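Shown next, in structure tokens, is the structure this report addresses.
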Amino acid sequence: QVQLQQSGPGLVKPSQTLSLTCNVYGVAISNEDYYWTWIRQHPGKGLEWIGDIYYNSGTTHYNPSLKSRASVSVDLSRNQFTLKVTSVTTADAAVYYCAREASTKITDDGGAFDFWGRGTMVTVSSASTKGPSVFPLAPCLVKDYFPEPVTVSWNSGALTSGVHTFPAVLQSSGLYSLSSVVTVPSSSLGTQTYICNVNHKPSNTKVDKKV
Amino acid sequence: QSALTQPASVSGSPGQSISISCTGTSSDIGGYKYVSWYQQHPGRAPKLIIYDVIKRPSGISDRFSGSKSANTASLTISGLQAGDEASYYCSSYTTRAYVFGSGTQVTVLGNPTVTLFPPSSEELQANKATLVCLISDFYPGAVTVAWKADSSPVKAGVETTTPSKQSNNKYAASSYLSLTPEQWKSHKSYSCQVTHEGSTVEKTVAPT
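Chain order of the listed sequences is P and Q. Throughout the first sequence, residue numbering follows the deposited numbering, covering 1 to 35, 35A to 35B, 36 to 52, 52A, 53 to 82, 82A to 82C, 83 to 100, 100A to 100G, 101 to 126, 140 to 211 in sequence. Throughout the second sequence, residue numbering follows the deposited numbering, covering 1 to 9, 11 to 27, 28A, 29B, 30C, 28 to 93, 95I to 95J, 96 to 108, 113 to 210 in sequence.
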């Protein structure tokens, strides 16, 4: 009934401002039964509540470990809310989720984060984005991209076997590589087309490679 | 900031029931019935599974149940299955702020798996050869991925990622040998060796 759609850059330079946007569908941000939250997760660590906004609250509700660097804005006509973090440091690198927090004063999902965005991974670095070079593995691996992450699919999601995508590796050049493994019937190879769809959102690069 | 304490890890075998504790104070867990629980698979967004201590939101199966006793809340998973392997976080309202627990990794106990893919025609056409060693499905998480080519320990181009406290997927690991052309055609390289607490799986795979 509700969906949160996140956007914003996957790469920020140090000392610059991270700006992340959450488009809300299914409920108005002004609806007084809900609070609108940003949460972040450092690589391999737990969830950290950053803070929330409430349409009739002008008070700053932030995790004090943020040290007052994060604020929020709302575009009501777009039913959208935006987190800004000023003068970012390497310690701001993380995955950021927006979420809806139901007020304790309502029964349905009361007091809980009941809808979540898909997350935006933010890398803080002076290095420039580089789109990947994808290599079909005859008869798939994505090489030399920056920053993380890349997502991989096949025939636009119409192929789902097995499937596992393995961790990326970081080269001495600072670029990443990874692979995702799949298996298919050996008889239906030379006739059916297998296209890998690699999405590197940080470079806004999508590449479909026929195999 | 008084936080919520969870065990780092819990494990069980398929079909068993397990419980995850979440200990706070009287000003969070014990103060309010607004304790919730979230499931997170690696590389994916958390998902609400329990709220108001005991309630399941829509779409969540009755294998997940919630309770609390005094200042500790508990998530119980019945009929454990492989899809339940994941990170689990509790959260509580407090005084207004919210706090998440430190997170619990649930392992479903269900011989390291080694998959070797040699450099392909397209890569080598592109003046680059890569050895792809992909390991999965081993527990505990400590594994050592060494490499050899020509029966000779080679390490010029070895990149390795193994599970750590600071990684998302704690059950898989990767390692690549990137290198210049014709080192694969020079000889029948190679072998990817993987050690896992006395379980040494050396997989030799050689392209020609």
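We treat Cβ as the ideally placed atom computed from N, Cα and C, and that holds for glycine.
| Check | Outcome |
| --- | --- |
| Residues that residue 98 (chain Q) contacts on chain P, provided the C-beta gap is smaller than 9 Å | 37, 44, 45, 46, 47 |
| Members of the segment 154-167 of chain P that neighbour chain Q once the beta carbon cut-off is set at 9 Å | 164, 165, 166, 167 |
| Neighbour flag for residue 140 (chain Q) against chain P, beta carbons, 9 Å | no |
| Inside the segment 123-168 of chain Q only - beta strand (DSSP E) runs reaching at least 3 residues | 131-138, 146-150, 160-163 |
| Interface flag, residue 171 (chain P) vs chain Q, CB-CB below 9 Å | yes |
| Segment limits, beta strand (DSSP E) that includes residue 143 (chain P) | 141-145 |
| N-terminal and C-terminal residue of the alpha helix (DSSP H) that residue 188 (chain Q) is part of | 185-188 |
| Exposure of residue 143 (chain P), with buried meaning 16 or more beta-carbon neighbours within 10 Å | buried |
| Local Cβ density within 10 Å of residue 100 (chain P), reported as buried at 16 or more and exposed below that | exposed |
| Under 9 Å by beta carbon: chain Q residues contacting residue 125 (chain P) | 122, 123, 124 |
| Proximal residues of chain P, C-beta to C-beta of residue 167 (chain Q) below 7 Å | 42 |
| Backbone secondary structure at residue 26 (chain Q) - three-state DSSP | coil |
| DSSP state of residue 85 (chain P) mapped onto helix, strand, coil | helix |
| The segment 52-65 of chain Q touching the segment 121-134 of chain Q, judged by at least three CB pairs closer than 8 Å | no |
| Span of the beta strand (DSSP E) around residue 206 (chain P) | 205-210 |
| Cutoff 9 Å: residue 73 (chain Q) Cβ touching any chain P Cβ | no |
| Which residues DSSP lists as bridging residue 95J (chain Q), in chain order | Q:92 |
| Close beta carbons around residue 150 (chain P), own chain, < 7 Å, minus the five adjacent residues each side | 119, 142, 178, 198, 199, 200 |
| Backbone CA spacing between residue 85 (chain P) and residue 108 (chain Q) [nearest angstrom] | 36 Å |
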